């Protein structure tokens, strides 16, 4: 369910609802879908929806580059 929540969140929050061509491999920052300066808005959504602690002291920001990477990170945190 997390992968789908994240795709819908980016479609709704950043692309005015259009899922056209957006998938789990889309590079969100490289294509300027998410402003580099808005990363902590994604982190907040991910922490809230995933119910795992996400400490940015210890978690590489590359983990937020794609939906796939955000999902992979939560799998690693859920041990």
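Numbering follows the first chain given and starts at 1.
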{"query": "55-63 versus 12-20 - greater average Cα B-factor per the deposited record", "finding": "12-20"}
{"query": "Residue stretch of maximal mean CA temperature factor, 38-46 vs 23-31", "finding": "38-46"}
{"query": "Third assignment of residue 79 from its chain's C-alpha B-factors", "finding": "highest"}
{"query": "Residue 6 CA temperature factor, ranked by third within the chain", "finding": "lowest"}
